$ cat final_10.cif   # mmCIF, C-alpha atoms and all ligand atoms
data_final
loop_
_atom_site.label_atom_id
_atom_site.label_comp_id
_atom_site.auth_asym_id
_atom_site.auth_seq_id
_atom_site.Cartn_x
_atom_site.Cartn_y
_atom_site.Cartn_z
CA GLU A 1 -26.99 -11.15 -3.09
CA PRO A 2 -23.44 -10.15 -4.28
CA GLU A 3 -20.68 -12.56 -3.10
CA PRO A 4 -17.20 -11.05 -2.45
CA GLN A 5 -13.99 -12.70 -3.71
CA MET A 6 -11.81 -14.05 -0.82
CA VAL A 7 -10.37 -10.55 0.07
CA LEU A 8 -10.69 -11.65 3.76
CA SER A 9 -8.57 -14.85 3.70
CA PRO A 10 -7.70 -16.81 6.84
CA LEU A 11 -3.90 -16.54 7.38
CA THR A 12 -1.79 -18.18 4.62
CA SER A 13 1.95 -18.97 4.80
CA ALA A 14 2.48 -18.83 0.96
CA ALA A 15 1.42 -16.43 -1.86
CA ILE A 16 1.98 -15.64 -5.54
CA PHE A 17 1.47 -12.01 -6.68
CA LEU A 18 1.12 -12.02 -10.47
CA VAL A 19 0.80 -8.67 -12.33
CA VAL A 20 0.43 -8.75 -16.16
CA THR A 21 -0.48 -6.19 -18.88
CA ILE A 22 -3.13 -7.09 -21.52
CA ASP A 23 -1.67 -7.14 -25.09
CA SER A 24 -3.42 -5.32 -27.98
CA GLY A 25 -6.42 -7.60 -28.91
CA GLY A 26 -6.07 -9.78 -25.74
CA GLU A 27 -9.44 -8.54 -24.25
CA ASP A 28 -11.69 -11.52 -25.40
CA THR A 29 -9.08 -14.05 -24.01
CA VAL A 30 -8.95 -12.10 -20.68
CA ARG A 31 -12.82 -11.91 -20.43
CA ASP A 32 -13.02 -15.73 -21.06
CA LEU A 33 -10.38 -16.35 -18.29
CA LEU A 34 -12.17 -13.97 -15.83
CA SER A 35 -15.44 -15.98 -16.25
CA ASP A 36 -13.53 -19.25 -15.37
CA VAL A 37 -11.04 -18.04 -12.66
CA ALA A 38 -13.35 -19.24 -9.77
CA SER A 39 -13.79 -22.66 -11.54
CA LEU A 40 -9.95 -23.00 -11.85
CA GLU A 41 -9.53 -22.06 -8.14
CA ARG A 42 -11.94 -24.97 -7.18
CA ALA A 43 -10.24 -27.40 -9.67
CA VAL A 44 -6.76 -26.82 -8.10
CA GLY A 45 -7.80 -26.27 -4.43
CA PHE A 46 -10.71 -28.66 -3.69
CA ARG A 47 -8.62 -31.87 -3.33
CA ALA A 48 -6.41 -30.14 -0.66
CA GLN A 49 -9.40 -28.79 1.42
CA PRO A 50 -9.82 -27.98 4.20
CA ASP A 51 -6.09 -27.27 5.03
CA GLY A 52 -5.08 -26.05 1.50
CA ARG A 53 -6.86 -22.62 2.00
CA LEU A 54 -6.20 -21.85 -1.76
CA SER A 55 -7.83 -18.61 -3.07
CA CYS A 56 -7.30 -16.15 -5.96
CA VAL A 57 -8.43 -12.50 -5.70
CA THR A 58 -8.48 -11.12 -9.31
CA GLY A 59 -7.99 -7.33 -9.80
CA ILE A 60 -8.50 -5.13 -12.93
CA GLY A 61 -6.63 -1.80 -13.34
CA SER A 62 -8.27 1.50 -14.41
CA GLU A 63 -7.01 1.45 -18.05
CA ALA A 64 -7.70 -2.33 -18.43
CA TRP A 65 -11.29 -1.76 -17.07
CA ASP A 66 -12.06 0.73 -19.91
CA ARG A 67 -10.55 -1.76 -22.49
CA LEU A 68 -12.58 -4.77 -21.17
CA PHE A 69 -16.00 -3.30 -20.18
CA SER A 70 -18.61 -0.69 -21.19
CA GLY A 71 -21.02 1.44 -19.08
CA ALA A 72 -20.60 2.33 -15.37
CA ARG A 73 -17.17 1.89 -13.64
CA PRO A 74 -16.24 1.49 -9.94
CA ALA A 75 -16.43 5.05 -8.48
CA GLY A 76 -12.80 5.12 -7.20
CA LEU A 77 -10.95 3.20 -9.98
CA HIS A 78 -7.95 5.31 -11.23
CA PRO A 79 -4.29 4.58 -12.09
CA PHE A 80 -2.01 4.41 -9.01
CA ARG A 81 -1.19 8.04 -7.96
CA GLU A 82 2.63 8.57 -8.07
CA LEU A 83 3.85 10.48 -4.93
CA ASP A 84 6.93 12.76 -5.36
CA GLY A 85 8.06 13.50 -1.81
CA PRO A 86 11.06 15.72 -0.99
CA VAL A 87 13.11 12.51 -0.16
CA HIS A 88 10.97 9.41 -1.05
CA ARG A 89 8.96 8.65 -4.27
CA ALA A 90 6.08 6.12 -4.64
CA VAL A 91 6.49 5.12 -8.35
CA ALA A 92 3.51 4.08 -10.56
CA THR A 93 4.30 0.96 -12.66
CA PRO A 94 2.34 -0.92 -15.35
CA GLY A 95 -0.33 -3.48 -14.40
CA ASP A 96 -3.70 -4.38 -15.98
CA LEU A 97 -4.52 -7.66 -14.10
CA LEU A 98 -3.64 -8.79 -10.52
CA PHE A 99 -3.87 -12.43 -9.37
CA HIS A 100 -3.40 -12.41 -5.57
CA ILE A 101 -3.01 -16.17 -4.98
CA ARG A 102 -2.72 -17.40 -1.36
CA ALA A 103 -2.62 -20.85 0.28
CA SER A 104 -1.03 -22.84 3.17
CA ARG A 105 1.38 -24.28 0.49
CA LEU A 106 3.29 -22.68 -2.47
CA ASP A 107 2.53 -25.72 -4.75
CA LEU A 108 -1.25 -24.90 -4.76
CA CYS A 109 -0.42 -21.18 -5.56
CA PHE A 110 2.04 -22.32 -8.28
CA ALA A 111 -0.49 -24.77 -9.89
CA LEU A 112 -3.28 -22.10 -9.98
CA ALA A 113 -0.87 -19.41 -11.38
CA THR A 114 0.13 -21.99 -14.11
CA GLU A 115 -3.56 -22.74 -15.07
CA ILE A 116 -4.31 -18.94 -15.18
CA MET A 117 -1.19 -18.03 -17.25
CA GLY A 118 -1.84 -21.13 -19.47
CA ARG A 119 -5.27 -19.63 -20.39
CA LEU A 120 -3.78 -16.08 -20.97
CA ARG A 121 -0.87 -17.30 -23.24
CA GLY A 122 -0.72 -14.91 -26.27
CA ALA A 123 -3.05 -12.28 -24.65
CA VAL A 124 -0.87 -10.88 -21.73
CA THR A 125 2.79 -9.95 -21.03
CA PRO A 126 4.31 -10.72 -17.60
CA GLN A 127 5.10 -7.54 -15.57
CA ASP A 128 5.71 -8.69 -11.94
CA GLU A 129 5.78 -12.13 -10.21
CA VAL A 130 6.65 -12.55 -6.50
CA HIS A 131 6.58 -15.85 -4.53
CA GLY A 132 5.94 -14.77 -0.90
CA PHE A 133 6.69 -16.89 2.23
CA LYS A 134 5.71 -16.61 5.95
CA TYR A 135 8.85 -15.50 7.87
CA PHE A 136 9.04 -16.97 11.42
CA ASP A 137 6.20 -15.80 13.75
CA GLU A 138 4.44 -13.61 11.09
CA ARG A 139 7.54 -11.34 10.93
CA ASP A 140 8.61 -9.28 7.90
CA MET A 141 12.19 -8.88 6.63
CA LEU A 142 12.69 -5.95 9.14
CA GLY A 143 12.30 -8.58 11.97
CA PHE A 144 8.94 -7.09 13.20
CA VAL A 145 5.54 -8.86 13.50
CA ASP A 146 3.41 -7.77 10.52
CA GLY A 147 -0.45 -7.90 10.54
CA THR A 148 -1.12 -7.34 14.32
CA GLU A 149 -3.53 -4.34 13.98
CA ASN A 150 -5.37 -5.61 10.83
CA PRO A 151 -9.18 -5.41 11.33
CA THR A 152 -10.96 -8.82 11.66
CA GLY A 153 -14.51 -10.22 11.12
CA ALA A 154 -17.29 -7.59 10.70
CA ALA A 155 -14.83 -4.68 11.20
CA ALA A 156 -12.68 -6.08 8.30
CA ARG A 157 -15.74 -6.55 5.97
CA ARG A 158 -16.89 -2.93 6.74
CA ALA A 159 -13.33 -1.59 6.00
CA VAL A 160 -12.75 -3.50 2.68
CA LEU A 161 -16.13 -4.23 0.93
CA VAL A 162 -17.88 -1.67 -1.32
CA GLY A 163 -21.51 -1.17 -0.15
CA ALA A 164 -24.36 1.41 -0.54
CA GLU A 165 -21.86 4.25 -1.43
CA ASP A 166 -21.38 2.51 -4.86
CA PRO A 167 -24.31 0.06 -5.20
CA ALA A 168 -23.58 -1.32 -8.73
CA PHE A 169 -20.12 -2.55 -7.42
CA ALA A 170 -21.20 -3.75 -3.88
CA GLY A 171 -18.96 -6.63 -2.66
CA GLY A 172 -15.86 -5.39 -4.56
CA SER A 173 -12.71 -3.84 -3.01
CA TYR A 174 -9.67 -1.73 -4.02
CA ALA A 175 -6.20 -3.39 -3.83
CA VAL A 176 -3.00 -1.28 -3.79
CA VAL A 177 0.30 -3.18 -4.38
CA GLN A 178 3.86 -1.92 -3.87
CA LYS A 179 6.92 -4.20 -4.05
CA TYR A 180 9.44 -2.92 -1.45
CA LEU A 181 13.15 -3.77 -1.20
CA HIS A 182 14.87 -3.18 2.16
CA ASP A 183 18.38 -1.82 2.89
CA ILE A 184 19.07 -4.59 5.48
CA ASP A 185 22.73 -3.43 6.00
CA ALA A 186 21.52 0.14 6.97
CA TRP A 187 18.66 -1.35 9.13
CA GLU A 188 21.10 -3.66 11.03
CA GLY A 189 23.25 -0.58 11.90
CA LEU A 190 20.39 0.68 14.17
CA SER A 191 19.98 -0.60 17.77
CA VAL A 192 16.74 -2.52 18.56
CA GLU A 193 15.50 0.65 20.40
CA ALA A 194 16.22 2.85 17.26
CA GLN A 195 14.32 0.27 15.11
CA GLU A 196 11.36 0.39 17.58
CA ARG A 197 11.40 4.25 17.21
CA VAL A 198 11.13 3.74 13.38
CA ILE A 199 8.20 1.17 13.47
CA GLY A 200 6.39 2.45 16.65
CA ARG A 201 6.09 -1.00 18.36
CA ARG A 202 8.48 -3.15 20.53
CA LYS A 203 10.40 -5.70 18.32
CA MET A 204 10.28 -9.01 20.33
CA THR A 205 6.90 -8.50 22.19
CA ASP A 206 5.03 -6.49 19.44
CA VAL A 207 3.53 -4.05 22.04
CA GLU A 208 2.62 -0.59 20.63
CA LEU A 209 4.86 2.27 21.99
CA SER A 210 3.03 4.54 24.54
CA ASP A 211 1.39 7.77 23.22
CA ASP A 212 4.16 9.91 24.90
CA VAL A 213 7.05 7.76 23.44
CA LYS A 214 5.78 6.91 19.89
CA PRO A 215 7.57 9.21 17.38
CA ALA A 216 5.36 11.33 15.05
CA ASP A 217 7.45 9.95 12.10
CA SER A 218 7.09 6.29 13.22
CA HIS A 219 5.33 3.97 10.70
CA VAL A 220 2.44 3.17 13.15
CA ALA A 221 1.84 6.94 13.90
CA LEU A 222 1.66 7.90 10.16
CA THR A 223 -0.52 4.87 9.15
CA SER A 224 -2.92 5.43 12.12
CA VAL A 225 -5.76 7.58 10.56
CA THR A 226 -8.96 8.87 12.32
CA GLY A 227 -11.86 10.04 10.07
CA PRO A 228 -13.74 13.37 10.62
CA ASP A 229 -16.47 11.46 12.57
CA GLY A 230 -13.75 10.22 15.01
CA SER A 231 -13.66 6.51 13.90
CA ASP A 232 -10.45 4.74 12.65
CA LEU A 233 -10.01 4.53 8.86
CA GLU A 234 -8.62 0.98 8.38
CA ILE A 235 -7.24 -1.19 5.53
CA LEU A 236 -6.64 -4.98 5.37
CA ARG A 237 -2.95 -5.80 4.63
CA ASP A 238 -1.48 -9.18 3.73
CA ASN A 239 2.22 -8.15 3.45
CA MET A 240 4.47 -11.03 2.26
CA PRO A 241 8.24 -11.47 2.66
CA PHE A 242 10.25 -12.47 -0.45
CA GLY A 243 13.83 -12.34 -1.70
CA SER A 244 17.00 -13.83 -3.22
CA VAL A 245 20.09 -14.22 -0.98
CA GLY A 246 22.60 -14.18 -3.91
CA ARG A 247 21.27 -10.78 -5.12
CA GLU A 248 20.91 -9.50 -1.47
CA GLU A 249 17.21 -8.80 -2.20
CA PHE A 250 15.19 -8.71 1.04
CA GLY A 251 11.66 -7.45 0.29
CA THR A 252 8.14 -6.79 1.60
CA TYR A 253 5.36 -7.27 -0.96
CA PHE A 254 2.77 -4.77 0.35
CA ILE A 255 -0.89 -5.42 -0.59
CA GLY A 256 -3.59 -3.23 1.04
CA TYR A 257 -7.37 -3.63 0.48
CA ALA A 258 -9.95 -0.90 1.23
CA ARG A 259 -13.61 -0.13 0.31
CA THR A 260 -12.24 3.16 -1.22
CA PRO A 261 -8.69 3.96 -2.42
CA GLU A 262 -8.97 7.26 -0.45
CA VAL A 263 -8.02 5.51 2.88
CA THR A 264 -4.95 3.74 1.35
CA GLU A 265 -3.84 6.91 -0.53
CA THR A 266 -4.25 9.05 2.69
CA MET A 267 -1.83 6.58 4.40
CA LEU A 268 0.63 6.69 1.40
CA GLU A 269 0.52 10.58 1.32
CA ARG A 270 1.38 10.74 5.09
CA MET A 271 4.21 8.18 4.53
CA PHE A 272 5.82 9.75 1.40
CA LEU A 273 4.91 13.51 1.80
CA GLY A 274 4.65 13.62 5.66
CA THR A 275 2.53 15.91 7.91
CA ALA A 276 3.10 19.15 9.95
CA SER A 277 5.07 17.05 12.53
CA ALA A 278 6.80 14.36 10.33
CA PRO A 279 9.02 14.89 7.26
CA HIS A 280 8.11 11.28 6.16
CA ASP A 281 7.71 7.68 7.46
CA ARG A 282 11.18 6.59 8.84
CA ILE A 283 10.41 3.01 7.47
CA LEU A 284 11.02 4.54 3.98
CA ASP A 285 14.64 5.32 5.02
CA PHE A 286 15.10 1.47 4.89
CA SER A 287 12.43 0.65 2.26
CA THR A 288 12.35 1.40 -1.54
CA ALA A 289 9.09 0.97 -3.53
CA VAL A 290 9.99 -0.43 -7.00
CA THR A 291 6.34 -1.02 -8.10
CA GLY A 292 2.99 0.66 -7.53
CA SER A 293 -0.36 -0.41 -9.03
CA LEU A 294 -4.06 -0.01 -8.12
CA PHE A 295 -6.80 -2.58 -9.02
CA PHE A 296 -10.52 -3.09 -8.47
CA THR A 297 -11.28 -6.64 -7.25
CA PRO A 298 -14.98 -7.06 -8.20
CA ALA A 299 -17.72 -9.18 -6.52
CA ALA A 300 -17.15 -12.85 -7.66
CA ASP A 301 -20.59 -12.82 -9.45
CA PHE A 302 -19.39 -9.86 -11.66
CA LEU A 303 -16.51 -12.10 -12.97
CA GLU A 304 -18.65 -15.33 -13.20
CA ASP A 305 -21.42 -13.59 -15.26
CA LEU A 306 -19.03 -12.27 -18.06
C1 LIG B 401 7.23 -0.82 3.25
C2 LIG B 401 7.05 -2.01 3.80
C3 LIG B 401 6.12 -2.14 4.93
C4 LIG B 401 6.47 -2.83 6.03
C5 LIG B 401 7.72 -3.65 6.17
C6 LIG B 401 5.39 -2.63 6.99
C7 LIG B 401 5.39 -3.18 8.26
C8 LIG B 401 4.46 -2.95 9.22
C9 LIG B 401 4.59 -3.32 10.59
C10 LIG B 401 5.71 -4.12 11.18
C11 LIG B 401 3.47 -2.86 11.24
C12 LIG B 401 3.10 -2.99 12.71
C13 LIG B 401 2.31 -4.25 13.01
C14 LIG B 401 0.94 -4.23 12.38
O1 LIG B 401 -0.03 -3.69 12.98
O2 LIG B 401 0.79 -4.79 11.26
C15 LIG B 401 2.67 -2.18 10.27
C16 LIG B 401 1.47 -1.56 10.57
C17 LIG B 401 0.72 -0.93 9.58
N1 LIG B 401 1.09 -0.71 8.30
FE1 LIG B 401 2.81 -1.11 7.46
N2 LIG B 401 4.47 -1.82 6.44
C18 LIG B 401 4.82 -1.46 5.20
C19 LIG B 401 4.12 -0.64 4.32
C20 LIG B 401 2.85 -0.11 4.54
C21 LIG B 401 2.10 0.68 3.61
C22 LIG B 401 2.57 1.07 2.20
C23 LIG B 401 0.90 1.02 4.23
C24 LIG B 401 -0.27 1.77 3.71
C25 LIG B 401 -0.38 2.15 2.46
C26 LIG B 401 0.90 0.38 5.54
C27 LIG B 401 -0.13 0.44 6.43
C28 LIG B 401 0.01 -0.06 7.75
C29 LIG B 401 -1.10 0.10 8.70
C30 LIG B 401 -2.49 0.68 8.45
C31 LIG B 401 -0.67 -0.47 9.84
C32 LIG B 401 -1.47 -0.54 11.13
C33 LIG B 401 -1.20 0.72 11.97
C34 LIG B 401 -2.11 0.74 13.21
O3 LIG B 401 -3.30 1.12 13.10
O4 LIG B 401 -1.69 0.39 14.35
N3 LIG B 401 2.10 -0.30 5.69
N4 LIG B 401 3.30 -2.24 9.03
MG MG B 402 1.32 -12.52 7.40
MG MG B 403 23.36 -4.04 1.49
MG MG B 404 -4.41 2.15 16.98
#

$ encode --input "final_10.cif" --output "structure tokens" --more "lines below"
Ligand code: HEM
Ligand SMILES: [Mg+2]
Ligand SMILES: [Mg+2]
Ligand SMILES: [Mg+2]
Amino acid sequence: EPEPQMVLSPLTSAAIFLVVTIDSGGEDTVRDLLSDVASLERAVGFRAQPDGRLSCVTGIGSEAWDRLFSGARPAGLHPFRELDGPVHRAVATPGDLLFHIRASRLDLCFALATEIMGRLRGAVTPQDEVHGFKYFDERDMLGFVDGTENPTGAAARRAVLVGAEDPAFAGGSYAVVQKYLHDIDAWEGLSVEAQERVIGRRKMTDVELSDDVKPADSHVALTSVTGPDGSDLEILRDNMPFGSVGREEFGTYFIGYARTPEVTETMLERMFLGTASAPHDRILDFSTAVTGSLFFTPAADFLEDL
């Protein structure tokens, strides 16, 4: 019965991440926009189907939820949890609404962002806006393939969609965003083999390092999580490169979706606070988080019915 938003998108070479705060008294304008956001997605995207692949996933933050709605809330919806590691910090930054806009073309993303922001004029203040672009063969700004071990099909739906554990919000998901900037000069001072040690995969061929070679403080080791029952705890990432050459800004826009924030926050805790065998994730020695926000992306029928 409950239809998910397009959390599980086919691959898209362009994206706009829009994060805004809701102004005092902007709630009615926001509720009106939420009830139309699927209609606007069809209005912009339909004429470019099937290759356009335009979608918007709309998220609401914990504080914004309690300003917009009354009664029961999604069981896991809280402000992003700031992590204060001995070396690396995951900052919490303002954000009430997320529009995760993806397509095969930036123009479609741009036109939908314009229609959305057009309707929210006078009710919201811009916080963050990133225009993301596919970078060669699905690489990120560190020169590694990014997305390889994402779950797909049924395994992806089981990892990202709320079900019987929170029935009133079935078909929703939890999105965590962090905008990362990379120290490309420091990164380029490492050999390819030193970089592979940091990530935990081979750079050109994208083959995972063997169990006896993969460092405990590699990115892949610390973001590989097995639950008590033995099965892998997974998230769905759609990381997007961005930047500005004049400002020497070379970034990764991280977005991770999970059926509970506990899986994503377990990964972040291992990365920023480490484990018995790792001080922290070596990727953070080349990567600074400058935002951090958590959102609930409800079933599409929750937004339509407002
Ligand atoms: C800081 C910028 C980031 C970059 C540049 C980055 C890059 C990558 C790369 C290159 C891989 C290996 C290929 C793949 O399977 O996708 C990877 C894997 C992964 N990343 Fe990250 N990542 C970043 C942040 C994060 C964060 C913040 C999390 C979680 C909160 C995360 C979770 C994962 C997971 C779950 C995998 C799959 C590991 C596995 O099961 O094999 N990443 N990432
Ligand atoms: Mg990609
Ligand atoms: Mg530099
Ligand atoms: Mg694995």

$ closest_residue --input "final_10.cif" --among "A:196, A:238, A:41, A:1" --to "residue 255 (chain A)" --atoms "only C-alpha atoms"
A:238

$ closest_atom_pairs --input "final_10.cif" --of "chain A" --to "ligand LIG 401 (chain B)" --cutoff "6 Å" --atoms "only C-alpha atoms and all ligand atoms" --output "CSV"
residue,atom,partner,partner_atom,distance
A:140,CA,B:LIG401,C5,6.0
A:144,CA,B:LIG401,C10,4.8
A:145,CA,B:LIG401,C10,5.3
A:146,CA,B:LIG401,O2,4.0
A:147,CA,B:LIG401,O2,3.4
A:148,CA,B:LIG401,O1,4.0
A:149,CA,B:LIG401,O1,3.7
A:180,CA,B:LIG401,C1,5.6
A:220,CA,B:LIG401,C33,4.5
A:223,CA,B:LIG401,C30,4.7
A:224,CA,B:LIG401,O3,4.4
A:235,CA,B:LIG401,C30,5.9
A:252,CA,B:LIG401,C2,5.4
A:254,CA,B:LIG401,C19,5.9
A:264,CA,B:LIG401,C25,5.0
A:267,CA,B:LIG401,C25,5.0
A:268,CA,B:LIG401,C25,4.8
A:287,CA,B:LIG401,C1,5.5

$ closest_residue --input "final_10.cif" --among "A:66, A:248, A:32, A:188" --to "ligand MG 403 (chain B)" --atoms "all atoms listed in the file"
A:248

$ closest_residue --input "final_10.cif" --among "A:232, A:185, A:225, A:296" --to "ligand MG 403 (chain B)" --atoms "all atoms listed in the file"
A:185

$ closest_residue --input "final_10.cif" --among "A:100, A:247, A:237, A:31" --to "ligand MG 403 (chain B)" --atoms "all atoms listed in the file"
A:247

$ residues_around --input "final_10.cif" --residues "residue 303 (chain A)" --least-positions-apart "2" --cutoff "6 Å" --atoms "only C-alpha atoms" --output "VMD selection string"
chain A and resid 34 to 35 300 to 301 305 to 306

$ closest_residue --input "final_10.cif" --among "A:297, A:240, A:121, A:150" --to "ligand MG 404 (chain B)" --atoms "only C-alpha atoms and all ligand atoms"
A:150

$ atom_distance --input "final_10.cif" --atom1 "CA of residue 14 (chain A)" --atom2 "CA of residue 114 (chain A)"
15.6 Å

$ closest_atom_pairs --input "final_10.cif" --of "chain A" --to "ligand MG 403 (chain B)" --cutoff "9 Å" --atoms "only C-alpha atoms and all ligand atoms" --output "CSV"
residue,atom,partner,partner_atom,distance
A:182,CA,B:MG403,MG,8.6
A:183,CA,B:MG403,MG,5.6
A:184,CA,B:MG403,MG,5.9
A:185,CA,B:MG403,MG,4.6
A:186,CA,B:MG403,MG,7.1
A:248,CA,B:MG403,MG,6.7
A:249,CA,B:MG403,MG,8.6

$ closest_residue --input "final_10.cif" --among "A:246, A:236, A:226, A:282" --to "ligand MG 404 (chain B)" --atoms "only C-alpha atoms and all ligand atoms"
A:226

$ residues_around --input "final_10.cif" --residues "residue 94 (chain A)" --least-positions-apart "6" --cutoff "12 Å" --atoms "all atoms listed in the file" --output "MDAnalysis selection string"
chainID A and resid 19:22 60:64 79:80 82 125:128 177:178 290:295
